[PDB]
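We count residues from 1, following the sequence as given. One-based numbering, in listed order, for ligands and for the atoms of each.
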Amino acid sequence: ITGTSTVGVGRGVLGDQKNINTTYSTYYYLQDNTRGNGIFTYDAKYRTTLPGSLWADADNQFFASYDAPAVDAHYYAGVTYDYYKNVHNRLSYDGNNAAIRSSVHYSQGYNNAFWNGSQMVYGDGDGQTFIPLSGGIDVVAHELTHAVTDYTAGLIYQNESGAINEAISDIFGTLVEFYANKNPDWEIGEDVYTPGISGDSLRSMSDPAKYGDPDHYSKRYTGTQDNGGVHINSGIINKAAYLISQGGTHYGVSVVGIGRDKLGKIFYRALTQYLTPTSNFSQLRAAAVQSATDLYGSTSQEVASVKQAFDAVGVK
Ligand SMILES: CCCNC(=O)[C@H](CC(C)C)NP(=O)(O)CNC(=O)OCc1ccccc1
Ligand SMILES: [Ca+2]
Ligand SMILES: [Ca+2]
Ligand SMILES: [Ca+2]
Ligand SMILES: [Ca+2]
Ligand SMILES: [Zn+2]
């Protein structure tokens, strides 16, 4: 909507205070004009009609329990925008500053979040498996990254291409979490998953097997559940990415770590210049090797490490 840019204050899902960019016109709306063509956050009001209504607030203070998922969806979308712009010179998910839209309070007891082809959508969780999912910066960045993938490589959401799609979202979700630098880790969704259980997470990139996800191609799932295991087989690629960044010896294969920034550069280039909708794991390896070659040279440690990592997870 048309109005003047304002700065509200509120509390997120985890109880932390933050400032948020709003727009004033009679009400204060969750509309951040400071980034691209705007970040807009909507109330789905426990229903499934999308987007719902642009979030309106009378006083620009967002401290009510009902406000918390909106505060975080809005704020973490901003952080994710900043990551892509500042680190990769990418303007929003389409590269042309597309408006970024999110809806919170989607459905009832909804233990998931998704990109619906046009916007991000966050459940509140049932209070047992999840609390409101926008409370996780890695989750928000995971969702926005699906939009980036859809506008670039276009990885089909099933089987190997779908597992790559998932891993790309986990990788950049994690890199955004490190970018913000608040309790960063290589786990996925730990801030909003299972409030009654400390120390766990939805997935682990450092050790996918801790939750039964494969960490080697020989352990890949080939059934039909979960679109051919897109949230399962992502572990194989997540592990490779973790090794590229952090190093380690995995099934006897040693990988020299090159750090998060170079991991991000290599995978961003692969995603935007080499991957296609039908890319499989072997083709991702080739794309990553070529990307590292472009960036660092054929004889570089970076190229050698990419090869080591894919060797370690059994992807040739
Ligand atoms: C919890 C179940 C698995 N979900 C996830 O791993 C993450 C959320 C995590 C990061 C907390 N959600 P996601 O992967 O975006 C869910 N994906 C999903 O719903 O895709 C299916 C789909 C939805 C709309 C349009 C096309 C296709
Ligand atoms: Ca208020
Ligand atoms: Ca964390
Ligand atoms: Ca995390
Ligand atoms: Ca937990
Ligand atoms: Zn996903």
Side-chain angles (χ1 to χ4, degrees), residues 12-14 16 44 48 50-51 69 72-73 76-77 79-80 93 101-104 106-107 109-151 154-159 161-206 208 210-213 221 224-235 237-238 242 260 277:
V13 174
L14 296 181
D16 55 326
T48 56
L50 291 173
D72 280 345
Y76 293 142
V79 178
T80 305
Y93 55 88
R101 305 189 196 274
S102 308
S103 299
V104 300
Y106 178 80
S107 195
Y110 195 79
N111 287 322
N112 217 340
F114 57 102
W115 171 261
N116 81 337
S118 305
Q119 66 162 106
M120 292 176 282
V121 185
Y122 300 91
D124 289 330
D126 61 10
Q128 299 301 312
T129 297
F130 284 104
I131 64 177
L133 284 82
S134 60
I137 186 172
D138 55 2
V139 176
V140 170
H142 177 111
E143 308 309 333
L144 191 45
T145 297
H146 278 306
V148 173
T149 293
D150 291 353
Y151 273 87
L155 293 155
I156 297 158
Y157 203 62
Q158 66 171 357
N159 305 328
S161 61
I164 300 168
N165 183 316
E166 270 304 304
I168 290 288
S169 279
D170 284 344
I171 291 161
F172 290 105
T174 289
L175 294 176
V176 170
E177 183 174 307
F178 273 95
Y179 178 75
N181 201 26
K182 298 173 186 294
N183 301 318
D185 51 56
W186 293 86
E187 302 293 289
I188 306 297
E190 70 283 346
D191 290 336
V192 291
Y193 188 66
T194 58
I197 305 173
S198 73
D200 68 343
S201 59
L202 180 63
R203 289 180 288 278
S204 172
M205 303 182 67
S206 55
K210 81 171 65 163
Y211 302 123
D213 295 321
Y221 174 76
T224 63
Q225 296 174 13
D226 182 36
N227 296 119
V230 301
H231 296 97
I232 298 169
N233 292 329
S234 56
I237 305 307
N238 284 346
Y242 173 81
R260 285 183 278 109

### Task
Check whether the ring centres of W115 and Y157 lie less than 6.0 Å apart, and answer yes or no.
no
## Note on the structure
For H146, the ligand 1 atoms with a heavy-atom partner under 4.0 Å come out as 14 (O), 15 (O)
### Query
atom 15 (O) of ligand 1: which protein heavy atom is closest, and how many Å away?
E143 OE1, 2.6 Å
### Query
So which protein heavy atom does atom 9 (C) of ligand 1 come closest to, and at what separation?
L202 CD2, 3.6 Å
### Task
Report the angle formed at the Ca ion (ligand 5) by atom OG1 of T194 and atom O of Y193, rounding to the nearest 10°.
80°
#### Entry: the Ca ion (ligand 5) reached by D200 (N, O or S, under 3.0 Å)
yes
### Message
So, 4.0 Å and heavy atoms of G117: is ligand 1 close enough to count as a contact?
### Response
no
### Task
Measure from atom 26 (C) of ligand 1 to every heavy atom in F130, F114, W115, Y157 and give the option owning the shortest one.
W115
#### Entry: Nearest protein heavy atom with distance in Å, relative to atom 12 (N) of ligand 1
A113 O, 2.8 Å
### Cationic N near anionic O, under 4.0 Å, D170 to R203
yes
### Task
Verify the distance criterion only: is there a donor paired with an acceptor across the side chains of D200 and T194 at less than 3.5 Å?
yes
### Message
Any nitrogen or oxygen of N116 lying under 3.5 Å from a nitrogen or oxygen in ligand 1? Just yes or no.
### Response
no
### Query
Is it true that the side chains of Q119 and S102 contain a donor and an acceptor less than 3.5 Å apart?
no
### Query
If you look at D185, which of its N/O/S atoms is nearest to the Ca ion (ligand 3)?
OD2
### Message
Need the atom name: nearest N/O/S atom of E190 to the Ca ion (ligand 3).
### Response
OE2
### Task
Report, as yes or no, whether the 6.0 Å neighbourhood of atom NZ on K182 holds more than 12 heavy atoms from other residues, nucleotides or ligands.
no
### Task
If you have a sec, work out which protein heavy atom is nearest atom 4 (N) of ligand 1 and how many Å separate them, to one decimal?
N112 OD1, 3.1 Å
### Query
Does a side-chain heavy-atom distance below 4.5 Å link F178 with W186?
yes
### Task
Would you confirm whether any non-hydrogen atom of the protein falls under 4.0 Å from atom 22 (C) of ligand 1?
no
### Message
When you measure from the side chain of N111 to the backbone of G125, do you find a donor-acceptor pair of N or O atoms at a distance under 3.5 Å?
### Response
no
### Query
Does the separation of the ring centres of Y151 and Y93 fall below 6.0 angstrom?
yes
### Task
Compute whether any side-chain donor of one residue and acceptor of the other, for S201 and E187, lie under 3.5 angstrom apart.
yes
### Task
Examine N111 against ligand 1 and note whether any of their N/O atoms are separated by less than 3.5 Å.
no
### Message
Closer than 3.0 Å to the Ca ion (ligand 3): does that hold for any N, O or S atom in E177?
### Response
yes
## Note on the structure
The atoms of ligand 1 lying under 4.0 Å from a heavy atom of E166, numbered in the order shown, are 14 (O)
### Query
Taking non-hydrogen atoms only, is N227 closer than 4.0 angstrom to ligand 1 via side chain, backbone, both or neither?
neither
### From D138 atom CG to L175 atom CG, the distance as rounded to the nearest 0.5 Å
11.0 Å
### Query
Any luck finding a side-chain donor-acceptor pair between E143 and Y122 under 3.5 Å?
no
### Task
Could you tell me whether the Ca ion (ligand 3) has an N, O or S atom of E187 under 3.0 Å away?
no
### Query
From the Ca ion (ligand 5) out to just under 3.0 Å, does an N/O/S atom of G199 turn up?
no
### Task
Evaluate side-chain contact (heavy atoms from CB on, under 4.5 Å) for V230 paired with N165, printing each intermediate quantity in order.
CA-CA 8 Å; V230 301; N165 183 316; over 6 Å; no
